[PDB]
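Only one chain is given next, in structure tokens, and it is the form deposited without the named molecule.
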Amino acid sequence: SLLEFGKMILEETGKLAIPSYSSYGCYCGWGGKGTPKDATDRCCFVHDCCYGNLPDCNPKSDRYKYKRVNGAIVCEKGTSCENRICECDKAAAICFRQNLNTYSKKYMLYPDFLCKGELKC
């Protein structure tokens, strides 16, 4: 759920999910079109695709459990939807961590008309 996800992103990156990753670029936050602006934006694009692999799941609201093993995120057993949502979220948080060196505040609040298409999952 948005709860596990936001706390997972803060743990990984030291950044608040809202607002650092909730209106960034073309894919981070509600909506999505066009070519991702940068690596962090591509993380969001892939996460959107990951959720799109799960049309009968409800990632905003379905809570999953995860733990830390040796600092690593480990998804714990739940429903199939919960396990798959957790893996999507885990990947996005790790992807955000891996691309902190190129995160750019200039992409916050990025305007929709500059999201010049197109990218298939």
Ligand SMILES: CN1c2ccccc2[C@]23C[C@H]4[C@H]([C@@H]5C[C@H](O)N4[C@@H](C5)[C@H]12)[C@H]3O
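Each residue number is its position in the shown sequence, starting from 1.
Quick note: we don't show the form solved in complex with the named molecule, though the next part is all about it.
No clash is found between the named molecule, overlaid from its position in the bound PDB entry, and the backbone or C-beta atoms here, as no atom lies within 2.4 Å; the site counts as open.
Under a 4.5 angstroms non-hydrogen atom cutoff, the named molecule in the bound PDB entry lacks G71 among its neighbouring residues. Although the partner is absent here, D38 lies well away from the named molecule in the bound PDB entry, with no heavy atom inside 4.5 Å. When the named molecule is considered in the bound PDB entry, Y66 lies well away from it, no heavy atom lying within 4.5 Å. Mapping the unseen interface onto this chain, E87 falls outside it, with no heavy atom inside 4.5 Å of the named molecule in the bound PDB entry.
Of all the residues from 52-76, those having a non-hydrogen atom no more than 4.5 Å from the named molecule in the bound PDB entry are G52, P55.
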